[PDB]
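The chain contents come next:
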Amino acid sequence: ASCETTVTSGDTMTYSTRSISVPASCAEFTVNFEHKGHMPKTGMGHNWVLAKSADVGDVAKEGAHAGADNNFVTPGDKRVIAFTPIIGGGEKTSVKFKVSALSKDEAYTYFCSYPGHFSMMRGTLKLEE
Ligand SMILES: [Cu+2]
């Protein structure tokens, strides 16, 4: 469908894709996020969080202290452009954001903010005209 992608995860520290392109003719963009694990497992919860590449470390290290009830993202953090809740095996979620929040000229990284995952679990997002 036009302005959307699907990203999956499972019982590993990797997303299904390391690159996402957002068409600049979109007004809104939807990221569908699936966890293909079979059951909820310790240390295997995942989400999808978007920020400028320079902000990743700060957002994740601060977000870790937000707790599981806040989905490991600091409430109301302006560095976070969009995020999904933490999901476990068998679940799915979605986040829709405005394309006007993005800039060509800026560098973006999506990552998982479950404690410790952000180092390996990440990818690049680009606004493509
Ligand atoms: Cu994760």
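Each value, and the rule that gives it
- Residues numbered from 1 in each chain as written, not as in the entry; some residues may be left out.
- Heavy atoms only, no water.
- UniProt positions renumbered as here; feature names shortened; annotations may be inferred.
- Donors = N, O, S within 2.8 Å, 3.2 Å for Na, K, Ca; no water.
- Helix = DSSP H or I, 4+ residues; strand = E, 2+ residues; numbered from the N terminus.
- Buried < 20%, exposed > 50% of the residue type's maximum accessible area, 1.4 Å probe, protein only.
- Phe/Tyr/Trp six-rings, centres within 6.5 Å; stacked < 30°, edge-to-face > 60°.
- Core = buried A, V, L, I, M, F, W, Y, C linked by side-chain atoms within 4.5 Å.
- Contact = heavy atoms within 4.5 Å.

Under the PDB entry, the protein has the name Azurin iso-2 and belongs to Methylomonas sp. J. Its official PDB title, as written in the record, is "The significance of the flexible loop in the azurin (Az-iso2) from the obligate methylotroph Methylomonas sp. strain J". Heading Subcellular location of the UniProt record for the protein holds this comment: "Periplasm".

Here the focus is the coordination of the copper ion. At the metal site, the copper ion is ligated by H46 (ND1), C112 (SG) and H117 (ND1), and these contacts range over 2.1 to 2.2 Å. Sequence positions of the donors to the copper ion reduce to the motif H-x65-C-x4-H. With a gap of 71 residues between them, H46 in the loop between β3 (28–35) and β4 (49–52) and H117 in the loop between β7 (108–111) and β8 (122–128) connect regions that are remote in the sequence. You can call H46 buried: its relative accessible area is 0%.

Our next topic: the packing of aromatic side chains. In the structure shown here, the tally under the stated rule is six aromatic pairs. Residues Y15 and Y110 carry aromatic rings whose centres are separated by 5.3 Å and whose planes lie at 65° to one another, so their mutual orientation is edge-to-face. One end of the pair, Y15, is in the loop between β1 (4–9) and β2 (19–23); the other, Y110, is in strand β7, with 95 residues separating them in the sequence. Side by side, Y15 and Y110 carry an identical accessibility label, which is buried. Aromatic side chains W48 and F97 sit 6.4 Å apart centroid to centroid with 20° between the ring planes, which places their arrangement in the stacked category.

One broad trend across soluble globular proteins is that nonpolar side chains are buried collectively. Ranked by internal contacts, the top residues of the largest apolar core, which has 22 residues, are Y15, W48, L50, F97, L102 and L125. In contact with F97, other than residues within four places in its own chain, are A27, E28, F29, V31, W48, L50, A82 and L102. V49, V73, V80 and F111 belong to the second-largest nonpolar core, a separate cluster that totals eight residues.

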